[PDB]
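Chemist: Below is the file protein-v2.cif, which contains mmCIF, C-alpha atoms and all ligand atoms.
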```
data_upload
#
loop_
_atom_site.label_atom_id
_atom_site.label_comp_id
_atom_site.auth_asym_id
_atom_site.auth_seq_id
_atom_site.Cartn_x
_atom_site.Cartn_y
_atom_site.Cartn_z
CA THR A 31 94.79 60.93 -18.74
CA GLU A 32 98.25 61.39 -17.27
CA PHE A 33 98.92 58.49 -14.92
CA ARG A 34 101.60 58.67 -12.24
CA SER A 35 104.06 55.86 -11.48
CA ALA A 36 106.67 55.60 -8.70
CA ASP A 37 110.23 54.22 -8.59
CA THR A 38 112.64 54.23 -5.66
CA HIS A 39 115.84 54.40 -7.79
CA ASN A 40 117.65 57.71 -8.10
CA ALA A 41 119.07 57.25 -11.59
CA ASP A 42 116.91 58.74 -14.33
CA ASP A 43 118.14 56.01 -16.71
CA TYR A 44 117.81 53.07 -14.31
CA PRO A 45 116.40 50.12 -16.27
CA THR A 46 113.11 49.99 -14.34
CA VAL A 47 112.61 53.75 -14.81
CA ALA A 48 113.44 53.55 -18.50
CA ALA A 49 111.09 50.61 -18.84
CA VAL A 50 108.00 52.32 -17.40
CA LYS A 51 108.77 55.39 -19.52
CA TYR A 52 108.83 53.04 -22.53
CA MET A 53 105.53 51.55 -21.40
CA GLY A 54 104.14 55.09 -21.31
CA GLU A 55 105.25 55.65 -24.91
CA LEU A 56 103.57 52.41 -25.98
CA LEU A 57 100.42 53.39 -24.11
CA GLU A 58 100.34 56.78 -25.83
CA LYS A 59 100.54 54.98 -29.17
CA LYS A 60 97.93 52.32 -28.36
CA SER A 61 95.53 54.95 -26.99
CA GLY A 62 95.92 57.39 -29.88
CA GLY A 63 97.51 59.94 -27.58
CA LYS A 64 94.86 59.77 -24.86
CA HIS A 65 96.90 58.17 -22.03
CA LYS A 66 100.42 58.92 -20.81
CA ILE A 67 102.54 57.94 -17.80
CA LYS A 68 104.76 60.25 -15.76
CA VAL A 69 107.44 58.38 -13.81
CA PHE A 70 108.49 59.77 -10.44
CA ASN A 71 111.80 58.21 -9.53
CA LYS A 72 114.15 59.20 -6.66
CA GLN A 73 111.46 57.86 -4.27
CA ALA A 74 109.73 61.22 -4.72
CA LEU A 75 106.34 59.66 -3.99
CA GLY A 76 107.57 57.58 -1.03
CA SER A 77 109.49 54.45 -0.13
CA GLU A 78 108.41 51.23 -1.83
CA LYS A 79 106.24 50.39 1.17
CA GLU A 80 104.62 53.83 1.15
CA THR A 81 103.92 53.75 -2.59
CA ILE A 82 102.30 50.32 -2.34
CA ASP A 83 99.81 51.73 0.20
CA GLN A 84 99.15 54.78 -2.00
CA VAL A 85 98.38 52.47 -4.93
CA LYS A 86 96.12 50.38 -2.70
CA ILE A 87 93.91 53.39 -1.89
CA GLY A 88 93.90 54.77 -5.44
CA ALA A 89 95.99 57.85 -4.77
CA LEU A 90 98.81 56.57 -6.97
CA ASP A 91 98.11 54.88 -10.30
CA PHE A 92 101.16 52.64 -10.60
CA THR A 93 104.18 51.60 -8.63
CA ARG A 94 107.21 49.62 -9.75
CA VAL A 95 108.59 47.82 -6.69
CA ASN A 96 110.48 44.66 -5.84
CA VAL A 97 108.39 41.65 -4.95
CA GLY A 98 109.92 41.81 -1.45
CA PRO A 99 107.63 44.47 0.04
CA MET A 100 104.68 42.82 -1.72
CA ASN A 101 105.30 39.50 0.05
CA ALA A 102 102.61 39.93 2.75
CA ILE A 103 100.03 41.85 0.73
CA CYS A 104 100.13 39.60 -2.36
CA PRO A 105 101.39 36.35 -0.94
CA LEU A 106 102.08 34.53 -4.22
CA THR A 107 104.88 37.09 -4.85
CA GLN A 108 106.71 35.05 -2.21
CA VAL A 109 107.08 32.24 -4.76
CA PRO A 110 109.64 34.02 -7.01
CA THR A 111 111.34 35.49 -3.94
CA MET A 112 112.27 32.02 -2.68
CA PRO A 113 115.95 31.23 -2.35
CA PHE A 114 117.54 29.18 -5.15
CA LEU A 115 114.15 28.52 -6.76
CA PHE A 116 115.37 29.28 -10.29
CA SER A 117 118.46 27.60 -11.75
CA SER A 118 119.41 30.58 -13.91
CA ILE A 119 118.26 33.95 -15.20
CA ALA A 120 116.94 32.24 -18.36
CA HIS A 121 114.87 29.93 -16.18
CA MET A 122 113.47 32.87 -14.20
CA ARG A 123 112.51 34.66 -17.39
CA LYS A 124 110.75 31.66 -18.90
CA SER A 125 108.90 31.00 -15.65
CA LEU A 126 107.76 34.57 -15.09
CA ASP A 127 106.77 35.09 -18.75
CA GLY A 128 104.63 31.95 -18.71
CA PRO A 129 101.61 30.71 -16.75
CA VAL A 130 103.39 30.82 -13.39
CA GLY A 131 104.13 34.53 -13.64
CA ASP A 132 100.74 35.36 -15.08
CA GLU A 133 98.93 33.50 -12.25
CA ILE A 134 100.94 35.39 -9.67
CA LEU A 135 100.17 38.75 -11.33
CA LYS A 136 96.46 37.97 -11.43
CA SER A 137 96.43 36.88 -7.77
CA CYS A 138 97.23 40.37 -6.57
CA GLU A 139 93.80 41.67 -7.59
CA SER A 140 92.27 40.30 -4.36
CA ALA A 141 94.47 42.76 -2.45
CA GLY A 142 93.69 45.81 -4.61
CA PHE A 143 96.47 45.57 -7.21
CA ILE A 144 96.45 44.79 -10.91
CA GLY A 145 99.67 42.94 -11.57
CA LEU A 146 100.94 43.97 -14.99
CA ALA A 147 104.53 42.81 -15.44
CA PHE A 148 107.62 41.29 -13.94
CA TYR A 149 110.89 43.06 -14.60
CA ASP A 150 114.36 41.57 -14.26
CA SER A 151 116.39 42.36 -11.14
CA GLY A 152 119.22 39.84 -11.60
CA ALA A 153 120.33 37.78 -8.61
CA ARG A 154 120.90 39.21 -5.15
CA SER A 155 124.16 38.66 -3.29
CA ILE A 156 125.63 39.74 0.03
CA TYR A 157 127.93 42.71 0.26
CA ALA A 158 129.90 43.52 3.36
CA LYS A 159 133.27 44.55 4.73
CA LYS A 160 134.50 40.94 4.67
CA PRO A 161 134.01 37.90 2.40
CA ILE A 162 131.07 35.59 3.07
CA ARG A 163 132.15 32.34 1.39
CA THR A 164 130.09 29.85 3.44
CA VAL A 165 127.10 30.14 5.78
CA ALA A 166 129.54 29.90 8.63
CA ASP A 167 131.00 33.26 7.57
CA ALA A 168 127.46 34.72 7.61
CA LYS A 169 126.83 33.74 11.20
CA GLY A 170 125.97 36.85 13.20
CA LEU A 171 126.34 39.25 10.22
CA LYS A 172 124.34 42.47 10.76
CA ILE A 173 122.64 42.60 7.38
CA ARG A 174 119.83 44.68 6.00
CA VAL A 175 117.01 42.99 4.11
CA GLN A 176 113.82 44.28 2.53
CA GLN A 177 110.67 44.56 4.57
CA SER A 178 109.09 41.12 4.63
CA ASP A 179 108.97 38.22 7.06
CA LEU A 180 110.13 35.92 4.24
CA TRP A 181 113.20 38.07 3.65
CA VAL A 182 114.06 38.09 7.35
CA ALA A 183 113.70 34.29 7.42
CA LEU A 184 115.65 33.74 4.19
CA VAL A 185 118.78 35.49 5.42
CA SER A 186 118.26 34.31 9.07
CA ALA A 187 118.61 30.75 7.72
CA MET A 188 122.23 31.65 6.94
CA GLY A 189 122.70 32.41 10.64
CA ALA A 190 122.81 36.15 9.90
CA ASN A 191 121.16 38.90 11.92
CA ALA A 192 118.68 40.08 9.32
CA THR A 193 117.43 43.64 9.72
CA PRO A 194 114.43 44.91 7.64
CA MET A 195 114.84 48.51 6.42
CA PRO A 196 113.60 50.56 3.45
CA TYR A 197 116.10 50.88 0.59
CA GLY A 198 116.72 54.58 0.99
CA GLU A 199 118.19 54.10 4.46
CA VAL A 200 120.78 51.52 3.41
CA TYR A 201 123.58 53.78 2.16
CA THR A 202 123.77 55.85 5.33
CA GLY A 203 123.38 52.74 7.47
CA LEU A 204 126.41 51.16 5.83
CA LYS A 205 128.48 54.37 5.98
CA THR A 206 127.82 54.95 9.67
CA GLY A 207 128.13 51.30 10.70
CA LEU A 208 124.51 50.99 11.82
CA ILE A 209 124.45 47.93 9.59
CA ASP A 210 127.44 45.93 8.42
CA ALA A 211 126.07 44.47 5.21
CA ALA A 212 123.19 44.34 2.76
CA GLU A 213 122.36 42.27 -0.31
CA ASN A 214 121.33 43.07 -3.83
CA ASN A 215 122.16 42.90 -7.49
CA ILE A 216 125.24 44.67 -8.87
CA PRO A 217 123.40 47.67 -10.39
CA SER A 218 121.82 48.45 -7.01
CA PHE A 219 125.15 48.02 -5.15
CA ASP A 220 126.62 50.46 -7.69
CA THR A 221 123.91 53.07 -8.27
CA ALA A 222 122.81 53.43 -4.63
CA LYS A 223 126.50 53.95 -3.79
CA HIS A 224 126.63 51.06 -1.36
CA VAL A 225 129.96 50.11 -2.92
CA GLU A 226 131.39 53.36 -1.54
CA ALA A 227 130.77 52.05 1.98
CA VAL A 228 131.49 48.34 1.68
CA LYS A 229 133.66 46.68 -0.96
CA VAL A 230 133.29 42.92 -0.66
CA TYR A 231 130.60 41.44 -2.92
CA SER A 232 130.15 37.73 -2.19
CA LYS A 233 128.21 35.99 -4.94
CA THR A 234 125.71 34.06 -2.87
CA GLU A 235 122.96 34.65 -5.50
CA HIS A 236 120.45 33.68 -2.82
CA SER A 237 117.37 35.11 -4.55
CA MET A 238 116.20 36.28 -7.96
CA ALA A 239 113.26 38.24 -6.50
CA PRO A 240 111.98 40.15 -9.55
CA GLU A 241 110.36 43.55 -9.79
CA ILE A 242 106.60 43.80 -10.14
CA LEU A 243 104.67 46.63 -11.77
CA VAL A 244 101.23 47.07 -10.21
CA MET A 245 98.31 49.36 -10.99
CA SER A 246 95.66 50.47 -8.50
CA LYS A 247 92.55 48.31 -8.93
CA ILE A 248 90.42 51.31 -7.92
CA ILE A 249 91.78 53.33 -10.88
CA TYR A 250 91.87 50.41 -13.36
CA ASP A 251 88.25 49.42 -12.71
CA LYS A 252 86.98 52.84 -13.82
CA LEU A 253 88.58 52.66 -17.26
CA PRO A 254 86.85 51.23 -20.33
CA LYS A 255 87.75 47.62 -21.07
CA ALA A 256 89.54 48.54 -24.29
CA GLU A 257 91.79 50.92 -22.32
CA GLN A 258 92.45 48.35 -19.61
CA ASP A 259 93.66 46.09 -22.43
CA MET A 260 95.98 48.83 -23.78
CA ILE A 261 97.60 49.18 -20.36
CA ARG A 262 98.09 45.44 -20.00
CA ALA A 263 99.63 45.23 -23.47
CA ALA A 264 101.92 48.20 -22.97
CA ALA A 265 103.18 46.70 -19.70
CA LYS A 266 103.78 43.26 -21.18
CA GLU A 267 105.57 44.69 -24.20
CA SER A 268 107.85 46.80 -21.95
CA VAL A 269 109.42 43.68 -20.39
CA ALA A 270 111.66 42.94 -23.40
CA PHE A 271 112.86 46.56 -23.33
CA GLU A 272 113.57 46.40 -19.58
CA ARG A 273 115.56 43.21 -20.04
CA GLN A 274 117.78 44.64 -22.75
CA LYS A 275 118.43 47.72 -20.63
CA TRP A 276 119.02 45.48 -17.61
CA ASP A 277 121.65 43.41 -19.41
CA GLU A 278 123.44 46.65 -20.37
CA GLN A 279 123.24 47.98 -16.81
CA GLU A 280 124.60 44.73 -15.35
CA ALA A 281 127.71 45.19 -17.52
CA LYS A 282 128.07 48.91 -16.82
CA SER A 283 127.68 48.58 -13.07
CA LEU A 284 130.02 45.57 -12.89
CA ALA A 285 132.68 47.66 -14.64
CA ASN A 286 131.98 50.58 -12.28
CA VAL A 287 132.29 48.60 -9.05
CA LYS A 288 135.38 46.69 -10.25
CA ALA A 289 137.02 50.00 -11.18
CA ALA A 290 136.08 51.39 -7.75
CA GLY A 291 137.92 48.53 -6.05
CA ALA A 292 135.10 46.14 -5.24
CA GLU A 293 136.22 42.63 -4.44
CA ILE A 294 133.95 40.14 -6.20
CA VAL A 295 134.14 36.82 -4.40
CA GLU A 296 132.96 33.44 -5.67
CA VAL A 297 131.28 31.29 -3.01
CA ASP A 298 130.20 27.73 -2.27
CA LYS A 299 126.59 28.39 -3.23
CA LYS A 300 125.56 24.93 -2.06
CA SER A 301 126.62 25.91 1.48
CA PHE A 302 123.85 28.49 1.37
CA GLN A 303 121.30 26.43 -0.53
CA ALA A 304 121.75 23.57 1.93
CA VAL A 305 120.17 25.63 4.73
CA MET A 306 117.04 26.72 2.87
CA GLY A 307 114.76 23.71 3.22
CA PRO A 308 113.10 25.08 6.35
CA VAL A 309 112.38 28.38 4.60
CA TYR A 310 110.28 26.48 2.05
CA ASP A 311 108.62 24.56 4.89
CA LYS A 312 107.73 27.75 6.76
CA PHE A 313 106.56 29.94 3.86
CA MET A 314 105.45 27.74 0.93
CA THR A 315 102.51 26.45 2.92
CA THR A 316 99.40 26.65 0.69
CA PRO A 317 98.37 24.44 -2.21
CA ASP A 318 98.80 27.25 -4.75
CA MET A 319 102.28 28.04 -3.44
CA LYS A 320 103.35 24.40 -3.53
CA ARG A 321 101.92 23.92 -7.00
CA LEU A 322 103.68 27.01 -8.35
CA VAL A 323 107.07 26.08 -6.85
CA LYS A 324 106.68 22.65 -8.46
CA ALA A 325 105.59 24.19 -11.75
CA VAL A 326 108.66 26.43 -11.78
CA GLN A 327 111.00 23.54 -11.06
CA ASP A 328 109.22 21.30 -13.59
CA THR A 329 110.02 23.87 -16.28
CA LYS A 330 112.17 22.59 -19.14
CA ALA A 331 115.35 24.34 -20.31
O1 LIG B 401 116.74 46.19 -1.84
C1 LIG B 401 115.85 47.00 -2.19
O2 LIG B 401 115.05 47.56 -1.40
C2 LIG B 401 115.83 47.38 -3.68
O3 LIG B 401 116.41 46.29 -4.40
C3 LIG B 401 116.46 46.58 -5.79
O4 LIG B 401 117.01 45.37 -6.38
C4 LIG B 401 115.10 46.81 -6.35
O5 LIG B 401 115.32 47.23 -7.72
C5 LIG B 401 114.46 47.97 -5.65
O6 LIG B 401 113.12 48.02 -6.22
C6 LIG B 401 114.38 47.60 -4.20
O7 LIG B 401 113.77 48.67 -3.46
#
```
Transcribe the structure of this file into structure tokens.
Modeler:
Amino acid sequence: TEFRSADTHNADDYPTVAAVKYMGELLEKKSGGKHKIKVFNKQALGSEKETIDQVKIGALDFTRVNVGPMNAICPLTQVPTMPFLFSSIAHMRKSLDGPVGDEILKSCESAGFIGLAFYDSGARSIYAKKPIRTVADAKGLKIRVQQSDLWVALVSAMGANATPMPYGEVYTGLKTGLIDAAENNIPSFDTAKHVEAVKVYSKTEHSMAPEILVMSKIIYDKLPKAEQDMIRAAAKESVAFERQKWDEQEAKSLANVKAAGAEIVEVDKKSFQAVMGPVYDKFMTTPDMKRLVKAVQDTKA
């Protein structure tokens, strides 16, 4: 069959878009030409939030979204959203590739989603019209976050005025002054044109919230077991491809924003990490959550 998958990013060569297309090619091979995937980027099938609900009801086969908007519906996705959980990108990758990531993916089935893969999204940092070098600078900042209570709390802990909005509204919000800041990785800041509106990128690196690729359980459950396995394998094998493309995009977008006049500011990251204890207290509240946070931070370099 020809499955459909959604992506919010406009660029046809964005790493997450390229990665699901690659998955589709692997799936065609593994299935002897039976199954294919068509990727609808440019949020053609809806915002992230909208596509998650379409997948839930079986109207959309796959969606590639950030863990952020999955935080309430698949609560263990909150774990890798947590601020300063991972010590580095390498640590994130090892954690998500291993039993921690796999447990989180499997946990989404109770909510109607087959978790298939985590894709790299770098580290997220604040961008604004002024530098944010300490949490004191963040106090009162009118900043957009993704649509989850955890995300609101995470940035609120910095003293900022966190405002949940869908991604597609961010560019205009920054241009018109409806919001004064947002936060994201460099490729997003670049490709969504946020850099056109605000130039100061303060490297708070306050989350490494990865992407998650989910399939509709309703659709998955109707396929033969052997074909379910093909889909799982194609997804898993696409992660290495996504990561290589992601590394390349990080470099390209950094060059782009620097050339466009972005001011990249180094910060006292401990200023920001020092305020996050209560976010763990308020959100990492179940035994599974506590065990997974510990498992991540027990992971050896
Ligand atoms: O901030 C956001 O909403 C966006 O952040 C980007 O990093 C994710 O790639 C994209 O999936 C999210 O929709």
Chemist: Report, as JSON, the axis-aligned box around all atoms of ligand LIG 401 (chain B) present in the file, extended by 5 Å on each side; give centre and edge lengths in Å to one decimal place.
Modeler:
```
{"center_x": 115.1, "center_y": 47.0, "center_z": -4.6, "size_x": 13.9, "size_y": 13.3, "size_z": 16.3}
```
Chemist: Hey, which bits of chain A sit within 6 Å of ligand LIG 401 (chain B), and for each residue what's the closest pair of atoms and how far apart in Å (one decimal), counting only C-alpha atoms and all ligand atoms, rows by chain and increasing number, as a tab-separated table?
Modeler:
```
residue	atom	partner	partner_atom	distance
A:95	CA	B:LIG401	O6	4.6
A:96	CA	B:LIG401	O6	4.3
A:151	CA	B:LIG401	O4	5.7
A:176	CA	B:LIG401	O2	5.3
A:196	CA	B:LIG401	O2	5.9
A:197	CA	B:LIG401	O2	4.0
A:214	CA	B:LIG401	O4	5.5
A:215	CA	B:LIG401	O4	5.8
A:218	CA	B:LIG401	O4	5.7
```
Chemist: Keeping only C-alpha atoms, write the selected residues as a CSV table (one decimal), keeping the file's coordinate frame.
Modeler:
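Listing of again.csv after writing:
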```csv
chain,number,residue,atom,x,y,z
A,95,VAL,CA,108.6,47.8,-6.7
A,96,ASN,CA,110.5,44.7,-5.8
A,151,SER,CA,116.4,42.4,-11.1
A,176,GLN,CA,113.8,44.3,2.5
A,196,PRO,CA,113.6,50.6,3.4
A,197,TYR,CA,116.1,50.9,0.6
A,214,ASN,CA,121.3,43.1,-3.8
A,215,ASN,CA,122.2,42.9,-7.5
A,218,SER,CA,121.8,48.4,-7.0
```
Chemist: Given the choices A:247, A:282, A:205, A:288, which gets closest to residue 142 (chain A) if the distance is worked out from only C-alpha atoms?
Modeler: A:247
Chemist: If I take CA of residue 32 (chain A) and CA of residue 64 (chain A), how far is one from the other in Å, to one decimal?
Modeler: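 Rounded to one decimal, the two atoms are 8.5 Å apart.
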Chemist: Got a sec: who's within 8 Å of residue 45 (chain A), counting all atoms listed in the file, leaving out chain neighbours fewer than 2 positions off, as a list in words?
Modeler: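 The contact residues come out as residues 43, 47, 48, 49, 272, 273, 275, 276 and 279 of chain A.
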Chemist: Since we have the selection now, will you write its residues out, keeping C-alpha atoms, as a PDB file, keeping the file's coordinate frame?
Modeler:
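The file below, out37.pdb, is the result:
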```
ATOM      1  CA  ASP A  43     118.140  56.010 -16.710  1.00  0.00           C
ATOM      2  CA  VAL A  47     112.610  53.750 -14.810  1.00  0.00           C
ATOM      3  CA  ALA A  48     113.440  53.550 -18.500  1.00  0.00           C
ATOM      4  CA  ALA A  49     111.090  50.610 -18.840  1.00  0.00           C
ATOM      5  CA  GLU A 272     113.570  46.400 -19.580  1.00  0.00           C
ATOM      6  CA  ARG A 273     115.560  43.210 -20.040  1.00  0.00           C
ATOM      7  CA  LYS A 275     118.430  47.720 -20.630  1.00  0.00           C
ATOM      8  CA  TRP A 276     119.020  45.480 -17.610  1.00  0.00           C
ATOM      9  CA  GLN A 279     123.240  47.980 -16.810  1.00  0.00           C
TER      10      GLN A 279
END
```
Chemist: How many Å lie between CA of residue 188 (chain A) and CA of residue 300 (chain A), rounded to one decimal?
Modeler: 11.7 Å
Chemist: Can you measure CA of residue 251 (chain A) to CA of residue 91 (chain A) for me? One decimal in Å is fine.
Modeler: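 That distance, rounded to one decimal, is 11.5 Å.
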Chemist: Which residues are close to residue 103 (chain A), i.e. within 12 Å by only C-alpha atoms, leaving aside same-chain residues fewer than 6 positions away? Reply as an NGL selection string.
Modeler: :A and (79 or 82-83 or 86 or 97 or 137-143 or 177-179)
Chemist: Can you write just those residues out, C-alpha atoms, as an mmCIF file, in the coordinates of the input?
Modeler:
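Generated file (again_25.cif):
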```
data_model
loop_
_atom_site.group_PDB
_atom_site.id
_atom_site.type_symbol
_atom_site.label_atom_id
_atom_site.label_comp_id
_atom_site.auth_asym_id
_atom_site.auth_seq_id
_atom_site.Cartn_x
_atom_site.Cartn_y
_atom_site.Cartn_z
ATOM 1 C CA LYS A 79 106.240 50.390 1.170
ATOM 2 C CA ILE A 82 102.300 50.320 -2.340
ATOM 3 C CA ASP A 83 99.810 51.730 0.200
ATOM 4 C CA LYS A 86 96.120 50.380 -2.700
ATOM 5 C CA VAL A 97 108.390 41.650 -4.950
ATOM 6 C CA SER A 137 96.430 36.880 -7.770
ATOM 7 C CA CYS A 138 97.230 40.370 -6.570
ATOM 8 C CA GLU A 139 93.800 41.670 -7.590
ATOM 9 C CA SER A 140 92.270 40.300 -4.360
ATOM 10 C CA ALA A 141 94.470 42.760 -2.450
ATOM 11 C CA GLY A 142 93.690 45.810 -4.610
ATOM 12 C CA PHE A 143 96.470 45.570 -7.210
ATOM 13 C CA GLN A 177 110.670 44.560 4.570
ATOM 14 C CA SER A 178 109.090 41.120 4.630
ATOM 15 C CA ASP A 179 108.970 38.220 7.060
#
```
Chemist: Considering all atoms listed in the file, return as a ChimeraX atom specification whatever protein or nucleic-acid residues lie within 12 Å of residue 63 (chain A), sequence-local ones (same chain, fewer than 6 positions apart) excluded.
Modeler: /A:31-32,54-57,257,260
Chemist: Could you pull the residues within 6 Å of residue 53 (chain A), counting all atoms listed in the file, minus those fewer than 2 positions along the same chain, as a ChimeraX atom specification?
Modeler: /A:50-51,55-56,264-265,268
Chemist: Within 12 Å of (111.7, 33.8, -13.5) (coordinates as in the file), grab all the protein and nucleic acid residues, counting all atoms listed in the file, and write them out as a VMD selection string.
Modeler: chain A and resid 107 109 to 112 114 to 132 134 147 to 153 237 to 242 322 to 323 325 to 327 329
Chemist: Could you make a table, as a Markdown table, of the residues of region 286-325 of chain A that have an atom within 8 Å of an atom of region 223-227 of chain A, each with its nearest atom pair and distance in Å to one decimal, counting all atoms listed in the file, in chain and number order?
Modeler:
```
| residue | atom | partner | partner_atom | distance |
| --- | --- | --- | --- | --- |
| A:287 | CA | A:225 | CA | 6.7 |
| A:290 | CA | A:225 | CA | 7.9 |
| A:292 | CA | A:225 | CA | 6.9 |
```
